[PDB]
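Structure record follows, encoded as structure tokens.
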Amino acid sequence: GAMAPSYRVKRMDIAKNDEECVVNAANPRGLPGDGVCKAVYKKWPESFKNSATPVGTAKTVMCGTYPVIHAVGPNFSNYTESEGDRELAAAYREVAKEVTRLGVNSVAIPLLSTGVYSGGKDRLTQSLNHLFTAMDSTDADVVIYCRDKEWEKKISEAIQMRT
Ligand SMILES: [Cl-]
Ligand SMILES: [Cl-]
């Protein structure tokens, strides 16, 4: 574990992370996809061998010795708010199990279902709270990666609020 497990947020490409593993915002089919998923495909294409997995699950594939945890959040275009919320919380619980199993001291993680799977809604708080619910009991340093300054500010505030 990390000596003093923390949360941090950085505004930059998760493909350039400084952590011991990465969480992909994957699609269920292991396709290159869009946004975070396409950046992860460019950086770690070998990790997309048999990475297909259902919504609400995570499947880890090694790129060399670097673990890529493919976490499939729900596409809120297709799910009801209620069912989408359940699957989004489930995907993060599976990430916590994988991070634990791998024995890493740090993990780079995007906010699941906040981009092209958001169904056009702002899900920063929903997604981040499900991330905390899953990851709080883990002792890995968690580094959240986002794109926009206003998201960075809100995520930072939410982390600092808990202390
Ligand atoms: Cl960048
Ligand atoms: Cl997304």
**OP:** Measure out, as a whole number of angstrom, how far apart the alpha-carbon centroids of segment 74-89 and segment 1-27 sit.
**Re:** 24 Å
**OP:** Using amide H atoms built 1.01 Å from N in the peptide plane, name the residues 5+ places from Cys63, or on other chains, whose amide H lies under 5 Å from its own.
**Re:** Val68
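With charges set only on the Cβ (+1 for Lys and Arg, -1 for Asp and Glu), what does the dipole of the chain come to about its Cα centre, in debye to the nearest 20?
In debye, rounded to 20, the chain gives about 300.
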Original post:
Does segment 97-156 come out rounded, prolate or oblate by the C-alpha gyration tensor, with a ≥ b ≥ c the root eigenvalues, rounded set by a/c under 1.5 and, if not, prolate when a/b is larger than b/c and oblate if not?
Top reply: prolate
Original post:
For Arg101, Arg11, what's the fewest-to-most ordering of other Cβ within 10 Å of each Cβ?
Top reply: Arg101, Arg11
Subject >> Distance violations [Cα-Cα > 24 Å] among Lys97/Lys154; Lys43/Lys154; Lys10/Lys43; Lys38/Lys149; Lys59/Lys153; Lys16/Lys154 >> reply: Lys97/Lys154; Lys43/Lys154; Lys59/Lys153
Original post:
How large is Rg/Rh for segment 51-163, to two decimals, with Cα atoms and a Kirkwood Rh?
Top reply: 0.95
**OP:** Kindly provide the helix-only [θ] at 222 nm of the chain, computed as the sum of -39,500 (n - 2.57) over DSSP H runs of four or more divided by all residues, to the nearest 500 deg cm²/dmol?
**Re:** -11000 deg cm²/dmol
Original post:
Which residues does a label at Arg147 reach in segment 22-59, if reach means a backbone N under 12 Å from a point 7 Å past the Cα toward the Cβ?
Top reply: 34-39
**OP:** Order by neighbour count: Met161, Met135, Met12, fewest other Cβ atoms within 10 Å first, most last.
**Re:** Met161, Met12, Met135
Subject >> DSSP bridge pairs, segment 28-163: antiparallel proportion in percent, nearest 5 >> reply: 55 percent
**OP:** May I ask you to sort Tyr66, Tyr92 by Cβ crowding, counting other Cβ atoms within 10 Å and putting the fewest first?
**Re:** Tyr66, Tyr92
**OP:** Could you grab the relative contact order for the chain? Cα pairs under 8 Å, six or more apart, rounded to a whole percent.
**Re:** 32 percent
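Neighbour counts are summed over all protein chains in view; Cβ atoms, including those assigned to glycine, are modelled from backbone coordinates with ideal geometry. We did not get these values from a lab; they are worked out from the coordinates using the rules stated.
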